[PDB]
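Asker: Here it is: the structure, laid out below.
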Number of protein chains: 20
Amino acid sequence: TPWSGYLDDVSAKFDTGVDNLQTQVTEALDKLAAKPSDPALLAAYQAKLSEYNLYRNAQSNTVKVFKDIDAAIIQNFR
Amino acid sequence: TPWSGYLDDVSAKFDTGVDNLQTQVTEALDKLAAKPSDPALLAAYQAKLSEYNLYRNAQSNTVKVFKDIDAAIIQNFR
Amino acid sequence: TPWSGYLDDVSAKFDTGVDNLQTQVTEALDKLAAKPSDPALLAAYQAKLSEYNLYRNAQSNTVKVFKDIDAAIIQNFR
Amino acid sequence: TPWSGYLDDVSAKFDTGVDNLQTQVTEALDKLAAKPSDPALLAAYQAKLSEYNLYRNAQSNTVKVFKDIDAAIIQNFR
Amino acid sequence: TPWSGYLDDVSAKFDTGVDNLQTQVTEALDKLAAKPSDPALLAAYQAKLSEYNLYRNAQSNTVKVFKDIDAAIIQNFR
Amino acid sequence: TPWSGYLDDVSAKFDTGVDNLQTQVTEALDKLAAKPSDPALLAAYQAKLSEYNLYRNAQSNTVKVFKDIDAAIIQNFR
Amino acid sequence: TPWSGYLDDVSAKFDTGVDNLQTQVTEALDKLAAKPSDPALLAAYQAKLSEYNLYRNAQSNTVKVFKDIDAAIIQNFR
Amino acid sequence: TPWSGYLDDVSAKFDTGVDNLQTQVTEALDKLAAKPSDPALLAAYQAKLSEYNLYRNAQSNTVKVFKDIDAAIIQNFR
Amino acid sequence: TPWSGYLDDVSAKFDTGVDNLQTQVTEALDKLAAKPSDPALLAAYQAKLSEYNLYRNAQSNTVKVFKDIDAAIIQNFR
Amino acid sequence: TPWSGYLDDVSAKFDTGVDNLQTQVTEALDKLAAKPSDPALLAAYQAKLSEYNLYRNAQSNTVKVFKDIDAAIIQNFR
Amino acid sequence: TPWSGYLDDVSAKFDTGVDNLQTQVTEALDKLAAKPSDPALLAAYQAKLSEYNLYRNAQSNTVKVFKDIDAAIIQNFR
Amino acid sequence: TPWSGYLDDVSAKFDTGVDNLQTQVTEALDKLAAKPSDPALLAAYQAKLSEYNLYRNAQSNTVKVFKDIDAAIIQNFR
Amino acid sequence: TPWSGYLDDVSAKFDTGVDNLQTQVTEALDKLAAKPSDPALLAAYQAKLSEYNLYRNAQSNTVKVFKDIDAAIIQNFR
Amino acid sequence: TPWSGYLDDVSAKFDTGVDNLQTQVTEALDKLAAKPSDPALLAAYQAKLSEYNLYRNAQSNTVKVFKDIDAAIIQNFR
Amino acid sequence: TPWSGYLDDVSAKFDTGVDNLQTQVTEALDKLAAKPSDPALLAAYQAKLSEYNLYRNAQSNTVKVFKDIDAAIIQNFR
Amino acid sequence: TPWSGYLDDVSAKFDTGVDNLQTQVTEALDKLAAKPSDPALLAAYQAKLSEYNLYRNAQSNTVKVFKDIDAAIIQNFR
Amino acid sequence: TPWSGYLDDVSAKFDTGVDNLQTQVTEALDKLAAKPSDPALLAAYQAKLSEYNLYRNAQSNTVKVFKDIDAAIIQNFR
Amino acid sequence: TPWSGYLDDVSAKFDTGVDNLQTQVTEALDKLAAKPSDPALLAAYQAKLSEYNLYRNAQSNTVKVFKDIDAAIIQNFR
Amino acid sequence: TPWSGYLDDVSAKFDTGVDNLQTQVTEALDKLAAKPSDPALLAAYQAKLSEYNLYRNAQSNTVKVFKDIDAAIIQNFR
Amino acid sequence: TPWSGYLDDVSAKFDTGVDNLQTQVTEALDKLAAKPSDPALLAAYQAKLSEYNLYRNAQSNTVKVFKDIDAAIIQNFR
């Protein structure tokens, strides 16, 4: 078992929160790439890609906030 | 059960809202393709196709608005 | 019961508005086809066919206007 | 009493501005659907439908302008 | 097997919908060209040519609508 | 009773300020999803969605300003 | 009193402009229908019907022009 | 007399600068709402609404600049 | 004296530029409505209506350009 | 009467300097929370909130400077 | 002096171009109406009426062309 | 083997997704250029060109979204 | 010498390109207005007017393209 | 002589660069307002207005760039 | 004569350096507030406001540097 | 030498194509007018007049086609 | 060798696709201009002119599509 | 030899990439200005102008991207 | 062998990580500069340039983080 | 010879590094100010201004870094 700190556990709450969003984006892109003119495949990929943008931005700002909460405690040791 | 977030649920309100509009367009196109000169088949396909344009544009703008409401909250975490 | 949106309901106001105009055209054509020289059958078919031209053009422009009223609202979501 | 904000009140100035334009369109369409060949019913429906296009486009652009006036104030809080 | 996307499949529903309309126009034109004064050959070619006008215009507008449904989804990715 | 600080109370002034805007958006979307072609349902949903964008952006910037007013006082303790 | 907008008032300038042209056409048709061989009744009905064609075409183009003048102002709000 | 600081006085230079622009927009909207098809009422409301967009954006950027001039002086006290 | 900004003054250059074009259209329509078959009244109304279309479109685009010149200056304050 | 030292008196010069700025922010937020789409309520709240940011930052830096002037005198007793 | 724009001046080049063609048609019709069997009065009225058809059609197409030249410049302001 | 990152692999999913769409456009253009009047060659080229527009726009927006997902992570390193 | 920028110089390439097309249209209209029934004067005016439509549309689109080339450079300064 | 800094001198290079473009726009608008149907006055005003859009946008972006070059030097004093 | 130390003299080099920049901002704001849509008044106020931002930031950083040069000499007395 | 564009050169191919058809019609009409009963003068004038009808209709349709070929290129600049 | 980009090469596929269609139109017009009454010269020129209309419209729309495919890639660089 | 940095060298790759596109646009405009009705001169100028739009937009976005790559390195010096 | 510290080795992990991305950008720009209208050359350059933006921003933030990790250790020596 | 320390010599490496970039910006602005609509003058000024932004920001950060390297040595004398 590799080491995983608190910022890893915050990042793994988002990773285990979504079930297979990293898989559903890649599958719906590969279904879209075979036929990039189907409205049932473009509107399904729009919902996957727009969630994957919002999943990944919220996951990359929650880590940055907890990095800044810790950087004002560690700076107050000395 | 695959994962479905909030933008999927907004997209699935439109998908479960219409009963079989993705089926009625394909059926009325296949009825039209056998005889593309019947006014009862052209005027019926006009109503299906024009709804399928308005169904899909409203479904692809409501996702884009909720993607922009979330992108101004996630940007205000830090 | 199949799904029928608003453009279907506008199209079905014209379809249920006329009682059997899709039937009276086909019957008066089949009466005309047996004897295409009777003035009582040509002048009766002229009134059916000219109404069926005006019925179907008004039914295919009212759908196109309501498709354009909706396409300026849906475009103003974002 | 349900909640109605400022964009609802701008939209309700148009809705209470016209008296029964949502009713006069539906009535003049149902009078037209029984007899879609009367020039007194086609020219009366043309005036109702063309106003209902201009009523609804001006009502759907005034909301979009006030949404853009507010989105440049709210963006200037921070 | 060559690649065929969704707009090709919509275009091939019209092409496989009619059986040999691209052949019946060319055959009835070549029968007409040998004797361009037969009313049984002019009235048969009128029905083929007028269907081939309506077949090809409906096939070239259904592609253009589905190109415009997709161009409002693809524009809403970003 | 759960704990609610000052930023929660600023966020709950917006939440208790609107009566049922989180409900009126979901209801007017579910009314729109059954028939996404009615201009009385698209223009009503435009006013709800555009208010819900302006409600939520002003609620997510007022919290961020009060977080920045406090972060310049807390930084001036030491 | 029912609501009447500007396109109704343009249409009612033509309707109140002619006194009883909608009545004189119907009366001169009912006088013609009893005896459709009188030159004093055919030449009088020709003048009524040809005016009623020019009355109704000018009334249905002046509305369409004012609908297009307004549709280039309303489109320039946003 | 309530308190009004410098950013209020900059905001009140715009408010007392225009005489009754907050009134002329509401009056020209209520005149437009009774008859949303008059070109003399649409082109007059276009000039009021487009000024009210430019009035309010310049008033909401001049406050934000003076908030940023002060935030670089106050930050240079310590 | 009511307030009139720069976009009002651009709109009032067109309004004071034409002397009584808003009056000459209404007078030539009321002269046309009494007798909608005179070629001296149809060709005179064609010249008034076609100028009133070009007057009002140029007046509603010059305001929109000056609204866009100002919206790129006001956006460059901050 | 509770005790109030010099840093309290510097803080109370800002508190008694503004009359009711702690009240005008809370009132203009509660007026904004009932209708968060009015430009007269967003631009008025922007001026209150931006002053309340500059009031409170200048009040929390003037105390910190006088704490540092005193901490270099008290350190020079011994 | 009433206002006369460019389309009026194009229309007045035709009106001042012919000297009294609007008078010569009415005079030669009133001379014809007293005796509608004279070949010197029918052949003179044929030349007046056929010129008045060609005068008025060229005058009503030159205005429509200059309305379309201007409508492609005014549309290219924005 | 040249280097290909993740945005290249997203771009190569579209390139390897379509089999020879870059070839079928060039071949159907060169077949069209020899005889630009065949409806079987214009309607076949319409389906290739409209897919090649939708293929290339979706391929040039999916790269731009993944460039923006990465630019909000890389910006949150520091 | 008045100032003339680059869009003036593009517009003056068309103005100095044609020698006296603004004069030949006005002269051939004034020759046509004296006798609007000569086929040598109608067919000569058709060639002048149709060139003056194509001269002025190409001159009003080349300015609009160069305005759009510059508006994507000026927008890329900041 | 009033004070004029460097951003004024950059703004006065554009103001003294064009000779009387602020005058030529107002003169060509006042010539257009007297007769808004002349193609020689619409195409001349299009070239003035499109230059005045490009003059003013380049003048309002060059100031904003030099404001940002200075704001990264002044921020690097301390 | 009131007392003015060295940091006052550095601050008064900026105050006497600009002639009436504190007056030209207030005058160009009061000219802008009467008509907040003139491009000659918005682009003139942009140059005044952007200089007044750069004047005041450089004046509030030069004082802070000389306060830090002195605070490392005074700290080196003891 | 006056200016002559491409539509003039197409019109001058017809004018220089026929040698003196504008002269032979006028001469054969003046020979016919002295004696309008000679079969050698009526049958010669029939051949001149019927050619002058076909000359002038083909000359006035070839200009209109080339005006429409150019109007679909000029419209595709922007 | 002059420079020729991709839109030139698309335009030169049409130019080198037809062998001498720009020559066959000019030759068949000059053969028609000498004798504009031959049915073997009118029906041959109809086939050349109608192909030259379809050649040039397809050549001027394929360039405009590839200009729009590129304008959505170049816009997605930044 | 004048100085040319890296953004000049990126801009000079586009300038030396095209051979004489700045010359071919000006030559094909001056050939078009002498005769703005030739389809061989309009379709040749369309290909030059549409390339010159795509040349200049790609040249003005590649500079802006490399300005933004450098502005995130220079900002990371301190 | 020149000296290369730890921040050089972190920078050389990115430089040796990509194989020839500094070469593939320059080659795909020089292929694009010869023909800046090919969609196969614009979409290939978009993927190279967008990776080169993300390569260089991640390489210029990882150095800045390791410079800040070291600057909090070196500051804790004394 | 005036005195120039090490930070002057670092600043003079940038000043003598570029040959006449302070001159080429002022010359290309004065060439742009005479004609602010030439794409060859806007795209040339974009490359000068964007380099002058990157020249001056790198010159104003390299001085600030060397000021901070020295301020941690001078602080370690005592």
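Ordering of the structure tokens sets the chain letters (A, B, ...); residue numbers start at 1 within each chain; ligands are numbered from 1 in the order shown.
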Using only C-alpha atoms, which residues sit within 8 Å of residue 41 of chain F once same-chain residues fewer than 6 positions away are excluded, as a VMD selection string?

Answerer: chain F and resid 28 31 to 32

Asker: Can you check which residues of chain B have any atom within 9 Å of chain C? Use only C-alpha atoms and format it as a list in words.

Answerer: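 Listed by rising number, the hits are residues 18, 19, 20, 21, 24, 39, 40, 43, 44, 46, 47, 48, 50, 51, 53, 54, 57, 58, 61, 62, 64, 65 and 68 of chain B.
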
Asker: Identify all residues of chain R in alpha helix (DSSP H) (DSSP on the backbone) and supply them as an mmCIF file with N, CA and C atoms, in the first residue's frame.

Answerer:
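The new file out-v3.cif reads:
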data_model
loop_
_atom_site.group_PDB
_atom_site.id
_atom_site.type_symbol
_atom_site.label_atom_id
_atom_site.label_comp_id
_atom_site.auth_asym_id
_atom_site.auth_seq_id
_atom_site.Cartn_x
_atom_site.Cartn_y
_atom_site.Cartn_z
ATOM 1 N N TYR R 6 11.475 37.620 -30.858
ATOM 2 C CA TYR R 6 10.889 36.325 -31.172
ATOM 3 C C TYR R 6 9.471 36.464 -31.703
ATOM 4 N N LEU R 7 8.695 37.406 -31.167
ATOM 5 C CA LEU R 7 7.353 37.622 -31.690
ATOM 6 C C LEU R 7 7.392 38.255 -33.070
ATOM 7 N N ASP R 8 8.447 39.011 -33.372
ATOM 8 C CA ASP R 8 8.645 39.474 -34.738
ATOM 9 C C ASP R 8 8.997 38.317 -35.658
ATOM 10 N N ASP R 9 9.799 37.367 -35.172
ATOM 11 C CA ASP R 9 10.183 36.228 -35.998
ATOM 12 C C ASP R 9 9.019 35.278 -36.225
ATOM 13 N N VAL R 10 8.113 35.156 -35.254
ATOM 14 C CA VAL R 10 6.882 34.405 -35.477
ATOM 15 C C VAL R 10 5.990 35.140 -36.469
ATOM 16 N N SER R 11 5.934 36.467 -36.368
ATOM 17 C CA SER R 11 5.172 37.248 -37.334
ATOM 18 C C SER R 11 5.835 37.259 -38.706
ATOM 19 N N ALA R 12 7.159 37.153 -38.764
ATOM 20 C CA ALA R 12 7.844 37.111 -40.048
ATOM 21 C C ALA R 12 7.885 35.721 -40.656
ATOM 22 N N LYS R 13 7.562 34.675 -39.892
ATOM 23 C CA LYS R 13 7.338 33.380 -40.523
ATOM 24 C C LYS R 13 6.066 33.400 -41.349
ATOM 25 N N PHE R 14 5.036 34.100 -40.875
ATOM 26 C CA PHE R 14 3.832 34.249 -41.680
ATOM 27 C C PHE R 14 4.056 35.203 -42.844
ATOM 28 N N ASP R 15 4.863 36.246 -42.644
ATOM 29 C CA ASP R 15 5.066 37.226 -43.705
ATOM 30 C C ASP R 15 5.943 36.672 -44.818
ATOM 31 N N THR R 16 6.995 35.940 -44.469
ATOM 32 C CA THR R 16 7.816 35.286 -45.475
ATOM 33 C C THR R 16 7.245 33.951 -45.911
ATOM 34 N N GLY R 17 6.236 33.444 -45.212
ATOM 35 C CA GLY R 17 5.594 32.209 -45.605
ATOM 36 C C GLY R 17 4.776 32.406 -46.856
ATOM 37 N N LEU R 21 1.167 37.727 -50.773
ATOM 38 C CA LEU R 21 -0.264 37.783 -50.506
ATOM 39 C C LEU R 21 -0.720 39.201 -50.198
ATOM 40 N N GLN R 22 0.140 40.014 -49.578
ATOM 41 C CA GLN R 22 -0.181 41.427 -49.421
ATOM 42 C C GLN R 22 -0.192 42.165 -50.752
ATOM 43 N N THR R 23 0.491 41.637 -51.764
ATOM 44 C CA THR R 23 0.477 42.214 -53.099
ATOM 45 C C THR R 23 -0.659 41.649 -53.944
ATOM 46 N N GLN R 24 -0.937 40.347 -53.822
ATOM 47 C CA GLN R 24 -1.988 39.734 -54.629
ATOM 48 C C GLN R 24 -3.377 40.200 -54.224
ATOM 49 N N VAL R 25 -3.569 40.593 -52.967
ATOM 50 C CA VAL R 25 -4.856 41.147 -52.566
ATOM 51 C C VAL R 25 -5.047 42.527 -53.179
ATOM 52 N N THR R 26 -4.009 43.359 -53.119
ATOM 53 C CA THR R 26 -4.095 44.711 -53.654
ATOM 54 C C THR R 26 -4.193 44.710 -55.177
ATOM 55 N N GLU R 27 -3.517 43.773 -55.848
ATOM 56 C CA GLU R 27 -3.638 43.687 -57.301
ATOM 57 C C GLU R 27 -5.004 43.160 -57.719
ATOM 58 N N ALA R 28 -5.504 42.120 -57.047
ATOM 59 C CA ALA R 28 -6.810 41.585 -57.407
ATOM 60 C C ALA R 28 -7.947 42.489 -56.966
ATOM 61 N N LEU R 29 -7.701 43.413 -56.042
ATOM 62 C CA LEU R 29 -8.703 44.428 -55.753
ATOM 63 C C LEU R 29 -8.693 45.519 -56.812
ATOM 64 N N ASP R 30 -7.507 45.884 -57.305
ATOM 65 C CA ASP R 30 -7.426 46.915 -58.332
ATOM 66 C C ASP R 30 -7.878 46.396 -59.687
ATOM 67 N N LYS R 31 -7.740 45.094 -59.935
ATOM 68 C CA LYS R 31 -8.352 44.520 -61.126
ATOM 69 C C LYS R 31 -9.858 44.423 -60.972
ATOM 70 N N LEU R 32 -10.336 44.183 -59.751
ATOM 71 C CA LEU R 32 -11.768 44.114 -59.509
ATOM 72 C C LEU R 32 -12.416 45.486 -59.561
ATOM 73 N N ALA R 33 -11.704 46.520 -59.114
ATOM 74 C CA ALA R 33 -12.278 47.855 -59.047
ATOM 75 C C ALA R 33 -12.520 48.465 -60.420
ATOM 76 N N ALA R 34 -11.781 48.037 -61.441
ATOM 77 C CA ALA R 34 -12.025 48.546 -62.784
ATOM 78 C C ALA R 34 -13.275 47.938 -63.402
ATOM 79 N N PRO R 39 -17.397 37.617 -63.144
ATOM 80 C CA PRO R 39 -17.322 36.468 -62.231
ATOM 81 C C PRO R 39 -15.941 35.850 -62.138
ATOM 82 N N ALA R 40 -15.096 36.004 -63.156
ATOM 83 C CA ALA R 40 -13.723 35.537 -63.034
ATOM 84 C C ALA R 40 -12.879 36.459 -62.168
ATOM 85 N N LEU R 41 -13.325 37.693 -61.945
ATOM 86 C CA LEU R 41 -12.629 38.620 -61.067
ATOM 87 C C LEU R 41 -13.230 38.687 -59.675
ATOM 88 N N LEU R 42 -14.503 38.328 -59.518
ATOM 89 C CA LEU R 42 -15.088 38.256 -58.186
ATOM 90 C C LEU R 42 -14.719 36.961 -57.481
ATOM 91 N N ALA R 43 -14.732 35.840 -58.200
ATOM 92 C CA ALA R 43 -14.383 34.569 -57.580
ATOM 93 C C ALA R 43 -12.891 34.432 -57.345
ATOM 94 N N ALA R 44 -12.068 35.153 -58.102
ATOM 95 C CA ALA R 44 -10.643 35.175 -57.806
ATOM 96 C C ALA R 44 -10.349 36.072 -56.616
ATOM 97 N N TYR R 45 -11.097 37.164 -56.473
ATOM 98 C CA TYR R 45 -10.884 38.043 -55.332
ATOM 99 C C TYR R 45 -11.455 37.451 -54.056
ATOM 100 N N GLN R 46 -12.481 36.603 -54.168
ATOM 101 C CA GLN R 46 -13.011 35.921 -52.992
ATOM 102 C C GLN R 46 -11.980 34.977 -52.398
ATOM 103 N N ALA R 47 -11.221 34.289 -53.248
ATOM 104 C CA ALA R 47 -10.208 33.376 -52.742
ATOM 105 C C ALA R 47 -9.021 34.123 -52.152
ATOM 106 N N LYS R 48 -8.684 35.295 -52.694
ATOM 107 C CA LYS R 48 -7.596 36.078 -52.118
ATOM 108 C C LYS R 48 -8.010 36.715 -50.800
ATOM 109 N N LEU R 49 -9.221 37.270 -50.743
ATOM 110 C CA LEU R 49 -9.666 37.970 -49.544
ATOM 111 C C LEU R 49 -9.939 37.003 -48.403
ATOM 112 N N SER R 50 -10.484 35.825 -48.709
ATOM 113 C CA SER R 50 -10.755 34.862 -47.650
ATOM 114 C C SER R 50 -9.476 34.230 -47.126
ATOM 115 N N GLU R 51 -8.445 34.103 -47.964
ATOM 116 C CA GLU R 51 -7.151 33.675 -47.445
ATOM 117 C C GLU R 51 -6.500 34.771 -46.624
ATOM 118 N N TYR R 52 -6.626 36.023 -47.063
ATOM 119 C CA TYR R 52 -6.045 37.141 -46.335
ATOM 120 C C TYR R 52 -6.740 37.383 -45.005
ATOM 121 N N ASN R 53 -7.988 36.951 -44.865
ATOM 122 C CA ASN R 53 -8.624 36.963 -43.558
ATOM 123 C C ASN R 53 -8.068 35.855 -42.672
ATOM 124 N N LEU R 54 -7.845 34.668 -43.229
ATOM 125 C CA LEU R 54 -7.349 33.540 -42.452
ATOM 126 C C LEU R 54 -5.855 33.610 -42.199
ATOM 127 N N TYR R 55 -5.100 34.188 -43.134
ATOM 128 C CA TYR R 55 -3.691 34.484 -42.896
ATOM 129 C C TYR R 55 -3.512 35.442 -41.736
ATOM 130 N N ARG R 56 -4.310 36.500 -41.695
ATOM 131 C CA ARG R 56 -4.068 37.565 -40.740
ATOM 132 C C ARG R 56 -4.640 37.236 -39.366
ATOM 133 N N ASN R 57 -5.694 36.421 -39.303
ATOM 134 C CA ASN R 57 -6.220 36.008 -38.005
ATOM 135 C C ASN R 57 -5.333 34.965 -37.343
ATOM 136 N N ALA R 58 -4.757 34.049 -38.126
ATOM 137 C CA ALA R 58 -3.839 33.075 -37.553
ATOM 138 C C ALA R 58 -2.523 33.721 -37.162
ATOM 139 N N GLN R 59 -2.119 34.767 -37.877
ATOM 140 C CA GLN R 59 -0.909 35.496 -37.532
ATOM 141 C C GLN R 59 -1.114 36.374 -36.306
ATOM 142 N N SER R 60 -2.345 36.799 -36.041
ATOM 143 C CA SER R 60 -2.630 37.635 -34.885
ATOM 144 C C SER R 60 -3.120 36.851 -33.681
ATOM 145 N N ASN R 61 -3.259 35.534 -33.794
ATOM 146 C CA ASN R 61 -3.507 34.690 -32.636
ATOM 147 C C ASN R 61 -2.281 33.920 -32.189
ATOM 148 N N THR R 62 -1.367 33.606 -33.106
ATOM 149 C CA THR R 62 -0.138 32.923 -32.725
ATOM 150 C C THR R 62 0.783 33.850 -31.939
ATOM 151 N N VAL R 63 0.774 35.143 -32.263
ATOM 152 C CA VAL R 63 1.508 36.120 -31.468
ATOM 153 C C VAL R 63 0.889 36.253 -30.082
ATOM 154 N N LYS R 64 -0.441 36.213 -30.000
ATOM 155 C CA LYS R 64 -1.106 36.401 -28.717
ATOM 156 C C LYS R 64 -0.933 35.189 -27.809
ATOM 157 N N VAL R 65 -0.763 33.995 -28.378
ATOM 158 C CA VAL R 65 -0.514 32.813 -27.557
ATOM 159 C C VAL R 65 0.904 32.843 -27.001
ATOM 160 N N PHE R 66 1.886 33.138 -27.854
ATOM 161 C CA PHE R 66 3.266 33.258 -27.397
ATOM 162 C C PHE R 66 3.481 34.446 -26.473
ATOM 163 N N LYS R 67 2.631 35.467 -26.545
ATOM 164 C CA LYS R 67 2.679 36.515 -25.535
ATOM 165 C C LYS R 67 2.149 36.006 -24.203
ATOM 166 N N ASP R 68 1.228 35.044 -24.226
ATOM 167 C CA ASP R 68 0.682 34.506 -22.988
ATOM 168 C C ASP R 68 1.523 33.379 -22.411
ATOM 169 N N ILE R 69 2.292 32.676 -23.241
ATOM 170 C CA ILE R 69 3.249 31.709 -22.717
ATOM 171 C C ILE R 69 4.382 32.431 -22.005
ATOM 172 N N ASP R 70 4.828 33.555 -22.563
ATOM 173 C CA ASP R 70 5.900 34.314 -21.936
ATOM 174 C C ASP R 70 5.426 35.045 -20.691
#
